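Below you'll find the structure, written out as structure tokens, and then a few comments.
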Amino acid sequence: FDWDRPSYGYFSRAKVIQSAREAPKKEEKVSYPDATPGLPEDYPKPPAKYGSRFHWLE
Amino acid sequence: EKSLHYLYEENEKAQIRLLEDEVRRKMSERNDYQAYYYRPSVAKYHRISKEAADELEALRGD
């Protein structure tokens, strides 16, 4: 057949091919529209109305 | 007028105390907001372990 035997580790490397079949899908990030909302960093902080509102304080 | 001002301040403090009690009750009923009544469960360690397991696939070889 006039074929050459390959080396000892020819078939154990990484194979790069031009596959005709398209890759199925990219892993999309799951959307959670109603998560737990925290206090944002851009939220203004005025002083509290009548302070701590505890007994006898402010 | 001093008693009128002190009564107005104490009455407004009473309304804000009732309103924050209602807000805290509705927050603890649903565990919605991230300040009180919220147990922060994080998957930082799971993502770290998944990134490490993806990194050791490149390390597999000879």
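If you read the protein sequences in the order shown, they are chains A8 and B5.
Mapping of the first sequence onto the deposited numbering: position 45 corresponds to residue 162, and the numbering continues sequentially without gaps.
Mapping of the second sequence onto the deposited numbering: position 4 corresponds to residue 128, and the numbering continues sequentially without gaps.
In this text, a Cβ means the ideal position worked out from N, Cα and C, and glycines have one as well.
{"Item": "Start-to-end residues for the alpha helix (DSSP H) that takes in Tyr132 (chain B5)", "Value": "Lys126 to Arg154"}
{"Item": "Minimum Cβ-Cβ distance from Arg141 (chain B5) to chain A8 less than 7 Å", "Value": "yes"}
{"Item": "Other residues of its chain near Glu181 (chain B5): CB distance less than 8 Å, five sequence neighbours each side excluded", "Value": "none"}
{"Item": "Candidates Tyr161 (chain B5), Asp156 (chain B5) and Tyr160 (chain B5), of which the one nearest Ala152 (chain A8) by Cα", "Value": "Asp156 (chain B5)"}
{"Item": "CA nearest to the CA of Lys166 (chain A8), picked from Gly185 (chain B5), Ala159 (chain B5), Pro164 (chain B5) and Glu144 (chain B5)", "Value": "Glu144 (chain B5)"}
{"Item": "Which of helix, strand or coil DSSP assigns to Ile172 (chain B5)", "Value": "helix"}
{"Item": "Straight-line gap, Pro141 (chain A8) to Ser165 (chain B5) (C-alpha atoms, nearest Å)", "Value": "32 Å"}
{"Item": "Closest by C-alpha distance to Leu174 (chain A8), when choosing among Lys137 (chain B5), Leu183 (chain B5), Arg184 (chain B5) and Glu146 (chain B5)", "Value": "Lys137 (chain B5)"}
{"Item": "Interface flag, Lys137 (chain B5) vs chain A8, CB-CB below 7 Å", "Value": "yes"}
{"Item": "Length at least 3, wholly inside the stretch 119-168 of chain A8: the beta strand (DSSP E) runs in chain order", "Value": "none"}
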